[PDB]
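K.L.:
In full-length UniProt numbering, the protein residues as written are 725 to 1039. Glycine included, every Cβ here is placed at the ideal spot set by N, Cα and C. One structure coming up, written as structure tokens, with questions to follow.
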Ligand SMILES: CN(C)C(=O)c1nn(C)cc1NC(=O)c1nc(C2CC2)ccc1Nc1cncnc1
Ligand SMILES: [Mg+2]
Ligand SMILES: [Zn+2]
């Protein structure tokens, strides 16, 4: 067989949750295939269809500061690390579907929130009244799957194809952060009452939802220099959206106002406490080997505190 390999440093460090995929775009499809071959298997996908699918997905991501091709592969790699360290817990269809869900989860993102689309009266807001962008991301995934020579699931039965698409659909919808709050609360009680049951499909759905949120935010789980630089990229988008809110004569929320740039360290503090820490805490309870995500999330929370006390800088 033709096995995918990586340089020595990458081969070792890709197994770490805090791996950064690096600045060479041309290496990211190779890295994604390697992760697919090792987490799923070399026979999960025809290599020629996968490559065509990968390059078609890449083409349908946009040149935006944060919600771009690099973010898709990064999110997929966080899922890879969760799968390799919990390998006994997941089905064949789930390994197949989830890495693909992660690659496709922000397809055709123009760098604007569901809220901006509602206030702008974007046509997508008419079509999908909730999880607007996320329903578009799924719609874009299905389009690509339906291109000639792009059916990477061609060997699945009709009912399997439908299950894996349903895994992908729910995984992509779960990245709507507005749904994460409710989902984490439900999973918290379920765990603390001992009712959570991984043979319960509606419970699997919620756990995978939580893995998708964890994967989606995994930029807060990287070494500090990666986390700090990546924060410029998301705020570059938040600020462009705030400008656009102002153009509609609407005051943006604080994190999207580029005039409130000096309040980023406190807004980050707010975000780690209200969102990130709860997220990885609950994920660590349910999947103990996902610990290093929460550790690295706490370490970066500590770094934002150092920035607020002026012991560290945010260039
Ligand atoms: C709901 N709330 C309160 C928020 O979304 C929120 N409020 N503030 C003040 C910041 C927020 N979010 C982010 O910073 C953020 N969001 C996403 C998701 C929503 C798009 C992802 C990463 C984020 N950060 C980040 C990224 N890469 C490196 N380091 C940090
Ligand atoms: Mg998204
Ligand atoms: Zn995302």
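Taking 9 Å as the cut-off, decide whether the C-beta atoms of residue 987 and residue 978 are in contact.
P.N.:
Along the chain shown, read from residue 1 onward, the residue named residue 987 stands at position 263. Along the chain shown, read from residue 1 onward, the residue named residue 978 stands at position 254. Yes. Within cutoff.
K.L.:
How long is the line joining the alpha carbons of residue 892 and residue 1034, rounded to whole angstroms?
P.N.:
Locating residue 892 in the chain shown gives position 168, where the first residue counts as 1. Locating residue 1034 in the chain shown gives position 310, where the first residue counts as 1. So the two alpha carbons sit approximately 44 Å from each other.
K.L.:
Between which two residues does the alpha helix (DSSP H) containing residue 781 stretch?
P.N.:
As a first step, residue 781 must be located in the chain shown, where it is residue number 57. Where residue 781 is concerned, the enclosing alpha helix (DSSP H) stretches over 771–783.
K.L.:
Is the CB-CB distance between residue 897 and residue 853 below 9 Å?
P.N.:
Mapped onto the chain shown, residue 897 falls at position 173. Mapped onto the chain shown, residue 853 falls at position 129. No, the pair does not count as a contact, with Cβ atoms beyond the cut-off.
K.L.:
If you compare alpha carbons, which of 840, 894, 917 and 828 is closest to residue 974?
P.N.:
Reading the chain shown from its first residue, position 250 is the one you call residue 974. It is 840 whose Cα lies nearest to the Cα of residue 974.
K.L.:
Are at least three pairs of beta-carbons, each pair with one atom in the region 785–800 and one in the region 825–845, less than 8 Å apart?
P.N.:
Output reads yes: the region 825–845 touches the region 785–800.
K.L.:
Whose beta carbon lies closer than 5 Å to any heavy atom of ligand 2, going through the chain in order?
P.N.:
In chain order, the qualifying residues are 830 and 899.
K.L.:
For the alpha helix (DSSP H) that residue 942 lies in, which residues bound it at each end?
P.N.:
Within the chain shown, the letter at position 218 stands for residue 942. Taken as a continuous stretch (DSSP letters only), residue 942 belongs to no alpha helix (DSSP H), as it is neither H nor E.
K.L.:
Compute the Euclidean distance between the alpha carbons of residue 801 and residue 738, then round it to the nearest angstrom.
P.N.:
On the chain shown, position 77 is the one that residue 801 refers to. On the chain shown, position 14 is the one that residue 738 refers to. Roughly 8 Å separates the two Cα atoms.
K.L.:
Which residues in the same chain as residue 926 place their Cβ atom closer than 6 Å to its Cβ, once the five residues preceding and following it in sequence are excluded?
P.N.:
Here residue 926 refers to the residue found at position 202 when the chain shown is read from its first residue. Nothing listed; no residue qualifies.
K.L.:
By Cβ distance, which residues of its chain are closer than 7 Å to residue 1002, with the 5 residues on each side in sequence left out?
P.N.:
For this step, residue 1002 is matched to residue 278 along the chain shown. Excluding sequence neighbours, residue 1002 sits near 908.
K.L.:
Beta carbon of residue 799: closer than 8 Å to some heavy atom of ligand 3?
P.N.:
Position 75 of the chain shown, counting from 1, holds the residue named residue 799. Yes, ligand 3 has a heavy atom inside 8 Å of this Cβ.
K.L.:
Residue 940: beta carbon under 8 Å from a heavy atom of ligand 3?
P.N.:
Here residue 940 is taken as the residue at index 216 of the chain shown, counted from 1. Yes, the Cβ of residue 940 comes within 8 Å of a heavy atom of ligand 3.
K.L.:
Under 8 Å by Cβ, that's how I've got residue 810 and residue 1011 pegged, so tell me the actual separation to the nearest angstrom.
P.N.:
As a position in the chain shown, residue 810 is number 86, starting the count at 1. As a position in the chain shown, residue 1011 is number 287, starting the count at 1. Contact holds; Cβ gap of about 5 Å.
K.L.:
Please report the distance separating the alpha-carbon of residue 1032 from that of residue 1026.
P.N.:
As a working note, residue 1032 is residue 308 in the chain shown. As a working note, residue 1026 is residue 302 in the chain shown. Near 10 Å, if we compare the C-alpha coordinates of residue 1026 and residue 1032.
K.L.:
What do you reckon, is the C-beta of residue 992 under 8 Å from a heavy atom of ligand 1?
P.N.:
Locating residue 992 in the chain shown gives position 268, where the first residue counts as 1. Because some heavy atom of ligand 1 lies under 8 Å away, the Cβ of residue 992 counts as near it: yes.
K.L.:
Near residue 991, which residues of its chain fall below 6 Å by C-beta distance, leaving aside the five closest residues on each side in sequence?
P.N.:
Locating residue 991 in the chain shown gives position 267, where the first residue counts as 1. Cβ within range, chain order: 979.
K.L.:
What residue does the alpha helix (DSSP H) around residue 762 start on, and which one ends it?
P.N.:
Numbered from its first residue, the chain shown carries residue 762 at position 38. Residues 752–763.
K.L.:
When the Cα of residue 694 is compared with those of 859, 769 and 730, which residue comes out closest?
P.N.:
Coverage of the chain is limited to positions 725 through 1039, which leaves residue 694 absent and any answer about it impossible.
K.L.:
Considering Cα atoms alone, identify which of 1016, 930, 913 and 917 is closest to residue 903.
P.N.:
By one-based count along the chain shown, residue 903 stands at place 179. It is 930 whose Cα lies nearest to the Cα of residue 903.
K.L.:
How many Å lie between residue 1015 and residue 790 at the Cα?
P.N.:
Translated into the one-based positions of the chain shown, residue 1015 becomes position 291. Translated into the one-based positions of the chain shown, residue 790 becomes position 66. Near 26 Å, if we compare the C-alpha coordinates of residue 790 and residue 1015.
K.L.:
On the three-state DSSP scale, how would you describe residue 1049?
P.N.:
Only positions 725 to 1039 of the chain appear in this structure, which leaves residue 1049 out of reach.
K.L.:
Could you check if residue 740 is buried or exposed, using at least 16 other CB atoms within 10 Å of its CB as the buried criterion?
P.N.:
On the chain shown, position 16 is the one that residue 740 refers to. With fewer than 16 Cβ atoms within 10 Å of its Cβ, residue 740 is classed as exposed.
K.L.:
Apply the 10 Å Cβ neighbour rule to residue 900 and answer buried if 16 or more other Cβ atoms are within range, or exposed otherwise.
P.N.:
Numbered from its first residue, the chain shown carries residue 900 at position 176. Buried, because 16 or more other Cβ atoms sit within 10 Å of the Cβ of residue 900.
K.L.:
Does ligand 1 have a heavy atom nearer than 8 Å to the CB of residue 944?
P.N.:
Within the chain shown, numbered from 1, the residue matching residue 944 stands at position 220. Because some heavy atom of ligand 1 lies under 8 Å away, the Cβ of residue 944 counts as near it: yes.
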